[PDB]
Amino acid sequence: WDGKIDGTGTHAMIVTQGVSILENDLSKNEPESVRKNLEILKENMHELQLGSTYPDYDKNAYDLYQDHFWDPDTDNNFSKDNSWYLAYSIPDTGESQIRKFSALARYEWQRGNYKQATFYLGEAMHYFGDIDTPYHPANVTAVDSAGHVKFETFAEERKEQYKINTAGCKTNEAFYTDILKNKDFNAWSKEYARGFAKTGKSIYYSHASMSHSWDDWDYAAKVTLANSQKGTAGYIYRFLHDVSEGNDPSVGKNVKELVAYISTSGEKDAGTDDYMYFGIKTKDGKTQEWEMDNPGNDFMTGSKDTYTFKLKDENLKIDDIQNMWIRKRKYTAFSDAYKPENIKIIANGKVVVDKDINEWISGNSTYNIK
């Protein structure tokens, strides 16, 4: 979807309606906590809107051209066994970004940081809207500097006509009730989002592609924006319940993957061009290292980088992981010290490590974070 850096545009509309939807569908016997947390979200509407649009303008990433179009099965494929050379981190997908930002949002809300939490939530919804955008050609045709395409700008000038204010039922009915059943947030999200994304892919072939008429486009925008709004409301509903009832999705399950959200200091020369690795050591002495690499320029000054690591051993619990570290290895003979500001590690939907560092890492050395 289209959006603007000031928090306006299609993305912001979706997220704004996501709240109205909840405002009207929330049944009477819903817990006060859910109801009062919704009020806190509404009071931070602007932040929700800024988060909803920010990913298309984020300048603290990898200095690459934005493109938010993936095949709906990408995440599922990357999850299968064998289908990936484990020494390499897994690429970021909209599907995985929903989970990352949702985890960051929950962690922040529980520590009282509502503004930061809302922003992160908005970012999670931005990616859900994307996978719900019916645009799936092999070759993309960008029309602006933010990587948007013509279908999105077409929907943008007509966004107001596509609004909805109800999911179709009350939160005490099937749609909302089914959302709370799966205590495994990450598992639920995967199956929940694919549905919207596949329907979106189908709509692309039958209505939204460039060969279809304007009426087909208007209809495509109508049905996919309704799905996006509804789907978004469902996410926000799940979020409110998760943060209200102190719900933990990682409850006693295996850790097949770890996610690193690294904040590099804004101080001059803090970023590095040297090789960077992440590693872990179990209670039984087994170790595994991964190279943190993405298509763009990694670890830039003041950047916020993301790396997904798939484990060899799929039968380890979070507690079995004793140590965690990052390691630098010289690319050239010239100095290129690295200064990370903060490092968060996520496992099964929960922020298990939140560490401020603000220390220089030089030469070929290892910095332990746990």
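In case it trips you up, residue 1 is the first one in the sequence shown, and so on.
- Note on 18-26 vs 353-361: mean CA B-factor is higher in 353-361.
- Stretches compared: 173-181, 217-225. Higher mean C-alpha B-factor in the entry: 173-181.
- Ranking 254, 97, 118, 206 by the C-alpha B-factor listed in the PDB entry places 254 at the top.
- Out of 295, 279, 271, 285, the entry records its largest CA B-factor for 285.
- Looking at the C-alpha B-factors along this chain, the one for residue 57 belongs to the middle third.
- When all modelled residues of the chain are sorted by CA temperature factor, residue 126 is found within the lowest third.
- When the modelled residues of the chain are ordered by C-alpha B-factor, residue 151 sits in the lowest third.
- Among the modelled residues of the chain, residue 202 sits in the lowest third by CA temperature factor in this PDB entry.
- For residue 306, the recorded CA temperature factor ranks within the lowest third of the chain's modelled residues.
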